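Colleague: Take these chains first, placed just as they are in the complex:
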Amino acid sequence: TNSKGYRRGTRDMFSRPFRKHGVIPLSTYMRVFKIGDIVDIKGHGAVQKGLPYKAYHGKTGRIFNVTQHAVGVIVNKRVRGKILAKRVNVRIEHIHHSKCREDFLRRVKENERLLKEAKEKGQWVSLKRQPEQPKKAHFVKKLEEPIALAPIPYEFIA
Amino acid sequence: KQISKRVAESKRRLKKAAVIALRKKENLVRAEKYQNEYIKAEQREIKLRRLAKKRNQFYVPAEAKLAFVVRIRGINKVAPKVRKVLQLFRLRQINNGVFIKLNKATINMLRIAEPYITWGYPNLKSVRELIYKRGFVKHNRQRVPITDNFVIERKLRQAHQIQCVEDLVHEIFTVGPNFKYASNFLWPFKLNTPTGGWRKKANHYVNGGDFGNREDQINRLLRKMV
C-alpha cells in the first residue's frame, strides 16, 4: 500500500537510455516555444529541477505560457472518470515538439497547392483522405518459370 | 378567395400528375441503364478470366466492396469495445442486417466485432430482395415502409440523385458516391430467422460454421431470412 510519493515507480521512467548519459546536447535550450504549440512530455532524469510528476510523462499538451526557463503546458489527465485539463509548469529540457500535426500541416500545404492547379481541370480535386480500399482486379502473369513450386506441410521430426 | 381556389388547385393537380408521369418515364429509362450495367459487368469478368487462361496468366478478380452484415447473437454478456462497434454499425438486435462498405477502417471493426456477426458479399438478387421485401426507410426519425417511389424520392432527390428503388439498389450494389446516404437512409434490415436455422453460432464459419465472413454464402442465408 503505496504509490505516495513523488518519484516512486520512476526507476525506469526517469532513467537515462543506454549510453545516452552525461552532458545534455546544446540544441535542447535552442528550441523556440510559442504560445499554443503542441508539445510532448518525456522527462529528463539528469535535470532534477522542473521535472513533471509521473502522470504526465508520455502525455501531450499545448503550450499556454512561456517564461524564462519553462513552458506552462496544458495537459489532459483522466481523473476517473472525467478529464480535467491540467496546467503543468515544466522546464524546457523535459519538453519536446510534437511531430503529430506537422504532417497534417503538410497536407493543408497540399490542399491548397492541388486546389490551385485545379482551377484548370476542375475535378476531382480529391481533398479527402481515403482508407485502404480493396485492391483491384489485376492480371498476375506468371512467366516466372511455371508453377509448382508447390509447398506441402512438413516440419516436425527431432 | 375560393373563387380562385379551383383556379389554383386544378393546375396544381394537372402539374402534379405531369411530374409523376414524367418520373414514371425516367425510372424506366433510368433502371434500364442500370440493368444493362450489371449485364456488361458479368460478361466482362467471364471475358477476362477466359482471356487470362489463354494468355497463360491469372486473372485475380476484384476484392469486394459491400459487406452485408448480420447480427446473430445476444445483447447479454458483451464487451464494451465490441458493444460499441455494434452501435456504430446499427446492429442492436439479433437478425439485424446492414450494408457496409469494405474499406480498411471498417474491416478492423468487423474483426473486433467478429463473434457476434456474420458477413459476406451480396449478389444483385440479394440487394433487390432485401430492399423489395424487407426494405424500410427513415423519414424524420420514423420508420416508413416503402410502398411507392415517393418515399425514396422525397428525401434523396434534391440533394442526391435517387428517386426510384433501382436507384437505391444501384448506389448500394455498385458502391457509388452517395453510398453513405443510400445505406443510412434505410433502417436496419429486421430479418426473420433462417429456415433450417443455424450451424453453431459460436464457432467461426471456417471452423464448423457461423460468425465471421461466410463471403459468398451470405447469399444462401439471405434466402432463408428474406
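Modeller: Here it is on my side, so go on. Numbering: from 1, shown residues only, chains lettered A, B, ... in the order given.
Colleague: tell me which element residue A:65 is part of?
Modeller: Element membership for residue A:65 (DSSP states H and E) is strand A:60-66.
Colleague: Flag every buried residue along that strand.
Modeller: A:61-63 (16 or more other Cβ atoms under 10 Å in any protein chain shown). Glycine gets a C-beta too; all of them are placed from N, C-alpha and C.
Colleague: List the pairing partners of the helix or strand following it within its sheet, with orientation.
Modeller: With elements assigned by DSSP H and E, the helix or strand that comes after strand A:60-66 is strand A:70-78. Note on strand A:70-78: by DSSP bridges, its sheet partners are strand A:60-66 (antiparallel), strand A:83-91 (antiparallel).
Colleague: Report the buried residues of strand A:70-78.
Modeller: Counting neighbours by 16+ other Cβ under 10 Å, strand A:70-78 gives A:70-73, A:75 as buried.
Colleague: what residues are up against residue 93?
Modeller: Let's take chain A. With contact taken as Cβ atoms under 8 Å, 6 or more residues apart in numbering or on different chains, residue A:93 is in contact with A:24, A:28-29, A:44, A:47, A:50.
Colleague: Actually, chain B is the one I wanted.
Modeller: Residues in contact with residue B:93 (Cβ under 8 Å, 6+ apart) are B:71, B:75, B:188, B:190.
Colleague: Surely residue A:36 is in contact with residue A:65?
Modeller: No: assessed by Cβ atoms under 8 Å, residue A:36 is found out of contact with residue A:65, at 10.3 Å.
Colleague: Let me know the secondary structure of residue A:45.
Modeller: Classification of residue A:45 using DSSP: H, G, I helix; E, B strand; the rest coil returns coil.
Colleague: Within range of chain A, give me the residues from chain B.
Modeller: Contacts of chain B with chain A, taken as Cβ under 8 Å from any Cβ of the partner chain, map to B:45, B:48, B:52, B:55-65, B:102-106.
Colleague: Just the buried residues of those residues.
Modeller: Counted by 16+ other Cβ under 10 Å, the residues of chain B next to chain A give B:52, B:59, B:65, B:102, B:106 as buried.
Colleague: can you redo the residues you listed as TSV with secondary structure?
Modeller: TSV is the format used below for those (three-state DSSP):
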residue	secondary structure
B:52	helix
B:59	coil
B:65	coil
B:102	coil
B:106	helix
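Colleague: and stretch B:97-104, C-alpha only, in CSV?
Modeller: C-alpha atoms of stretch B:97-104 as CSV (Å, rounded to 0.1, in the frame of the first residue of the first chain):
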residue,chain,number,x,y,z
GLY,B,97,-28.7,-6.6,-41.2
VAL,B,98,-27.0,-3.5,-42.5
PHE,B,99,-25.0,-2.7,-45.6
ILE,B,100,-21.3,-1.8,-45.1
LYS,B,101,-18.5,-0.5,-47.3
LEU,B,102,-15.3,-2.5,-47.2
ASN,B,103,-12.5,-0.1,-46.5
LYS,B,104,-9.8,-1.0,-44.1
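Colleague: okay, chain C goes in next:
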Amino acid sequence: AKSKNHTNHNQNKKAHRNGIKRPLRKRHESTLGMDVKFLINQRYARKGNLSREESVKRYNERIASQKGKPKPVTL
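Modeller: Okay, here's chain C dropped in alongside the others:
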C-alpha cells in the same frame, strides 16, 4: 470482521455512464498564472489600438515618408 477493502470493481461501468467526458473546447482560455509582464501593458498593446484602419493606413505612408525602416533593423 475485517471484511473486504479496496476494489476497482464496477468503477469504470460507474464512470462511463455519464460519460468519460472531454472538458470542452474554448476560443477564450484564461490568462491567469501566465507571465504577468507579458500581459500587463499588452493590456495596453490593445488599448493603443484607438483606431486600426482609418488613421493606420495613413501610417503606411507616414513612415514611408522616411522610406520605412528597411535597412537598419538587420542587427
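Colleague: and the buried residues of strand A:60-66, now that chain C is part of it?
Modeller: For strand A:60-66, by 16+ other Cβ under 10 Å, it's A:61-66.
Colleague: Near chain C, list only the ones from these.
Modeller: A:64-66.
Colleague: Closest to residue B:221 out of these?
Modeller: residue A:64 (56.8 Å; Cβ to Cβ).
Colleague: In contact with that closest one: list those residues for me.
Modeller: For residue A:64, the contact set (Cβ under 8 Å, 6+ apart) comprises A:35-36, A:72-74, A:87, C:29, C:34.
Colleague: Residue A:140 now?
Modeller: So residue A:140 contacts B:57-60 (Cβ under 8 Å, 6+ apart).
Colleague: How about residue B:134?
Modeller: Contact analysis of residue B:134 by Cβ under 8 Å, 6+ apart lists B:189-191, B:226.
Colleague: Next, the contact list for the closest residue to chain B within chain C, please.
Modeller: Chain B sits closest to residue C:16 of chain C, with a gap of 7.6 Å, by Cβ to the nearest Cβ. The contact partners of residue C:16, by Cβ under 8 Å, 6+ apart, come to A:81, B:80.
Colleague: Now the residue in chain C positioned nearest to chain A. Its backbone dihedrals?
Modeller: In chain C, the residue that lies nearest chain A is residue C:15 (2.6 Å; Cβ to the nearest Cβ). When read as degrees, to the nearest 10, the backbone of residue C:15 gives phi -110, psi 0.
Colleague: cool, residue B:107 as well?
Modeller: phi -70, psi -40.
Colleague: Next: residue C:74.
Modeller: Dihedral angles for residue C:74 - degrees, to the nearest 10 - are phi -100, psi 10.
Colleague: neighbours of residue 26, just the number please.
Modeller: Using chain A. 7 (other Cβ atoms under 10 Å in any protein chain shown).
Colleague: that answer is for a different chain, and I need it for chain C
Modeller: Around residue C:26 there are 8 residues (other Cβ under 10 Å).
Colleague: ok, now residue C:22?
Modeller: Counted with other Cβ under 10 Å, residue C:22 comes out at 10.
Colleague: tell me the SS of it?
Modeller: Secondary structure of residue C:22, per three-state DSSP, is coil.
Colleague: my guess is residue B:19 is in a strand, correct?
Modeller: No: using three-state DSSP, the assignment for residue B:19 is helix, not a strand.
Colleague: how close does it get to residue B:150?
Modeller: 10 Å (Cβ to Cβ, to the nearest Å).
Colleague: More neighbours: the two, which one.
Modeller: For residue B:19 versus residue B:150, the count of surrounding residues by other Cβ under 10 Å is larger for residue B:150: 13 against 9.
Colleague: Residue B:53: what secondary structure?
Modeller: Per three-state DSSP, residue B:53 ends up helix.
Colleague: Now do the contacts for the nearest residue to it once chain neighbours are set aside.
Modeller: Among residues not flanking residue B:53 along the chain, residue B:59 sits closest, at 7.9 Å (Cβ to Cβ, 6 or more residues apart in numbering or on different chains). Counting by Cβ under 8 Å, 6+ apart, residue B:59 touches A:137, A:139-140, B:48-49, B:51-53.
Colleague: Go ahead and add chain D:
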Amino acid sequence: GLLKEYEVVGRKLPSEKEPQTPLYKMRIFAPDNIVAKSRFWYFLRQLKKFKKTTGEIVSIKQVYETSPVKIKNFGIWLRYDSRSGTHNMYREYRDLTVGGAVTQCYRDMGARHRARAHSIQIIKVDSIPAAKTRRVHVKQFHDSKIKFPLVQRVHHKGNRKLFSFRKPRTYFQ
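Modeller: One more piece, chain D, placed on the ones above:
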C-alpha cells in the same frame, strides 16, 4: 462434409521494391472454398513468410477427379498430434475419388486415434498401383477372383409394420 480438393495459389502482393513475387501453390482438402483459403494460409505460414494481410490469394480452383469410375488405392502421408504426440502415419484407403479417400481418412483417424481434425496435416496423397501398397486390409481386395458371401441388410425400425406378422428371418434357404 465430403472434402473435395483445390489448388490455392498465393503471392505476397508486390510492393514496388519487389516486382513479380514467386507464386506458390498447394493441394488443399477442404469442405468448401472459404475454408480452403484459411488452410492455404495455415500451411504456408509454416513454409514462407507473408501472412494475410500481407499476401494475396490468386486462383483457387476445384479439381474434379480425372477418372471417377476407375478403382484405385490411395496412400495418404499424414502427420497428426496425439495427446503426447506429434507423429507421422502412412495410411492406405481404397476408393474411386481422391477427395473421397482423404475423407475416408479423416473419419478413420477420428475412430482409431481420437484425432479431432484440426490436428491432421496431410503431406501427400497418391494413387499407388498394387504391389506397392502394403497395408493388409487393402491387399485383401487385390485379387481377382474375390468371392465373400454376404450377410448385410436394412431391417426397418419400426417398419412399414412395427408389430410384424411374419418374422424377418436373416437367412433363407
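Colleague: Please re-evaluate the contacts of residue B:59 in the presence of chain D.
Modeller: By Cβ under 8 Å, 6+ apart, the neighbours of residue B:59 are A:137, A:139-140, B:48-49, B:51-53, D:59.
Colleague: do you know how far it is from residue B:96?
Modeller: In this view, residue B:59 and residue B:96 are 36 Å apart by Cβ to Cβ.
Colleague: cool, residue B:52 as well?
Modeller: Residue B:52 is 40 Å from residue B:96, by Cβ to Cβ.
Colleague: One more: residue B:209?
Modeller: For residue B:209, the distance to residue B:96 - Cβ to Cβ - is 20 Å.
Colleague: Please apply the same query to residue D:84.
Modeller: Using Cβ to Cβ, residue D:84 is found at 47 Å from residue B:96.
Colleague: Ok, residue B:197 next?
Modeller: In terms of Cβ to Cβ, residue B:197 sits 17 Å off from residue B:96.
Colleague: more crowded one of those two?
Modeller: residue B:96 (20 against 8).
Colleague: which residues does that one contact?
Modeller: Residue B:96 neighbours (Cβ under 8 Å, 6+ apart): B:70-71, B:90, B:188-191.
Colleague: What of residue D:20?
Modeller: Taking Cβ under 8 Å, 6+ apart as the test, what residue D:20 contacts is A:141, A:144, D:14.
Colleague: Which of those residues sits closest to chain B?
Modeller: residue A:141 (4.4 Å).
Colleague: Any idea what that closest one is bridged to?
Modeller: According to DSSP bridges, the residues that bridge with residue A:141 are residue B:57.
Colleague: burial of it, as a residue count?
Modeller: Count around residue A:141 with other Cβ under 10 Å applied: 13.
Colleague: dump the residue contacts of it.
Modeller: B:55-58, D:20.
Colleague: got it, and residue D:123?
Modeller: Contacts for residue D:123 (Cβ under 8 Å, 6+ apart) come out as A:152-154, D:77-79.
Colleague: Quickly check: whichever strand or helix holds residue A:39 near chain C or not.
Modeller: When elements are assigned from DSSP H and E, residue A:39 belongs to strand A:38-41. No: using Cβ under 8 Å from any Cβ, strand A:38-41 stays clear of chain C, coming no nearer than 14.4 Å.
Colleague: rewinding a little: among the contacts of residue B:59, which two are most distant?
Modeller: A:137 and B:53 (14.9 Å).
Colleague: what about residue B:181, distance to chain C?
Modeller: 28 Å (Cβ to the nearest Cβ, to the nearest Å).
Colleague: Hmm, residue B:158 and that residue touching each other?
Modeller: No: the criterion here is Cβ under 8 Å, and residue B:181 misses it with residue B:158 at 11.9 Å.
Colleague: higher neighbour count, these two?
Modeller: Counted by other Cβ under 10 Å, residue B:181 and residue B:158 do not tie: residue B:181 has more neighbours, with 17 against 8.
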